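Containing CSV, C-alpha atoms: protein.csv.
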chain,number,residue,atom,x,y,z
K,1,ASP,CA,-92.3,182.2,276.0
K,2,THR,CA,-91.1,184.5,273.2
K,3,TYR,CA,-87.4,185.7,273.5
K,4,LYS,CA,-85.8,188.4,271.4
K,5,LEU,CA,-82.3,189.0,270.1
K,6,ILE,CA,-81.1,192.4,268.9
K,7,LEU,CA,-78.0,192.0,266.7
K,8,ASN,CA,-75.6,194.9,265.9
K,9,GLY,CA,-72.8,193.8,263.5
K,10,UNK,CA,-72.1,197.5,262.7
K,11,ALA,CA,-73.6,198.4,259.4
K,12,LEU,CA,-76.0,195.4,259.6
K,13,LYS,CA,-78.6,195.4,262.4
K,14,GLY,CA,-81.5,193.1,262.9
K,15,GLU,CA,-83.9,191.5,265.4
K,16,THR,CA,-84.9,187.8,265.6
K,17,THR,CA,-87.1,185.9,268.0
K,18,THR,CA,-87.3,182.4,269.3
K,19,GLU,CA,-89.8,180.4,271.2
K,20,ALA,CA,-88.0,178.7,274.0
K,21,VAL,CA,-88.7,177.0,277.3
K,22,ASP,CA,-86.3,179.1,279.4
K,23,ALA,CA,-83.7,181.9,278.9
K,24,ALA,CA,-80.8,179.4,278.8
K,25,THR,CA,-82.4,177.5,275.9
K,26,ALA,CA,-83.1,180.7,273.9
K,27,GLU,CA,-79.6,181.9,274.6
K,28,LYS,CA,-78.1,178.8,273.0
K,29,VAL,CA,-80.2,179.2,269.9
K,30,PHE,CA,-79.3,182.9,269.7
K,31,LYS,CA,-75.6,182.3,270.2
K,32,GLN,CA,-75.5,180.0,267.2
K,33,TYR,CA,-77.8,182.4,265.2
K,34,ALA,CA,-75.4,185.2,265.8
K,35,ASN,CA,-72.3,183.2,264.9
K,36,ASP,CA,-73.9,181.9,261.7
K,37,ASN,CA,-74.6,185.5,260.6
K,38,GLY,CA,-71.1,187.0,261.3
K,39,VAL,CA,-72.0,188.9,264.5
K,40,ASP,CA,-69.6,188.0,267.3
K,41,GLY,CA,-68.9,189.9,270.5
K,42,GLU,CA,-70.5,191.5,273.5
K,43,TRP,CA,-73.7,190.0,275.0
K,44,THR,CA,-76.4,191.4,277.3
K,45,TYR,CA,-79.7,190.1,278.6
K,46,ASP,CA,-82.7,192.1,279.9
K,47,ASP,CA,-84.6,189.6,282.1
K,48,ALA,CA,-87.7,191.9,282.5
K,49,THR,CA,-88.3,192.0,278.7
K,50,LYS,CA,-86.7,188.6,277.7
K,51,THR,CA,-84.4,190.6,275.4
K,52,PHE,CA,-80.8,189.7,274.5
K,53,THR,CA,-78.4,191.9,272.6
K,54,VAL,CA,-75.1,191.0,270.8
K,55,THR,CA,-72.8,193.7,269.5
K,56,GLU,CA,-69.8,193.2,267.3
Show this structure as structure tokens.
Amino acid sequence: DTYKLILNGXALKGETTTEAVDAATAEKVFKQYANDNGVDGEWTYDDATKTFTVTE
């Protein structure tokens, strides 16, 4: 299924997606995406909409 990540670094905000087999596998992809783009901090997950957020 399609999973979504909403990043908030502060000034820079964005949204990416990933096609993953389960929520844990999307989470791993998103965690390394966030780190590679300078956003590190507070995570959330909305199971009903397959949506993660990470906020600096």
Just the residues within 9 Å of region 4-18 of chain K, please, counting only C-alpha atoms, with nothing from its chain fewer than 6 positions along; format it as a CSV table (one decimal) with C-alpha atoms, keeping the file's coordinate frame.
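Saved result, out_15.csv, follows:
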chain,number,residue,atom,x,y,z
K,26,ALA,CA,-83.1,180.7,273.9
K,27,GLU,CA,-79.6,181.9,274.6
K,29,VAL,CA,-80.2,179.2,269.9
K,30,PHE,CA,-79.3,182.9,269.7
K,33,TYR,CA,-77.8,182.4,265.2
K,34,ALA,CA,-75.4,185.2,265.8
K,37,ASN,CA,-74.6,185.5,260.6
K,38,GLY,CA,-71.1,187.0,261.3
K,39,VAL,CA,-72.0,188.9,264.5
K,40,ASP,CA,-69.6,188.0,267.3
K,41,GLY,CA,-68.9,189.9,270.5
K,45,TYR,CA,-79.7,190.1,278.6
K,49,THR,CA,-88.3,192.0,278.7
K,50,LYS,CA,-86.7,188.6,277.7
K,51,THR,CA,-84.4,190.6,275.4
K,52,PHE,CA,-80.8,189.7,274.5
K,53,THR,CA,-78.4,191.9,272.6
K,54,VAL,CA,-75.1,191.0,270.8
K,55,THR,CA,-72.8,193.7,269.5
K,56,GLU,CA,-69.8,193.2,267.3
What is the CA of residue 22 (chain K)-CA of residue 48 (chain K) distance in Å, reported with one decimal?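 So the two atoms, CA of residue 22 (chain K) and CA of residue 48 (chain K), lie 13.2 Å apart.
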Find the residues near residue 25 (chain K): any atom within 12 Å, counting only C-alpha atoms, skip ones fewer than 6 places away on the same chain, and give them as a list in words.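 The filter keeps residues 1, 2, 3, 18, 19, 31 and 32 of chain K.
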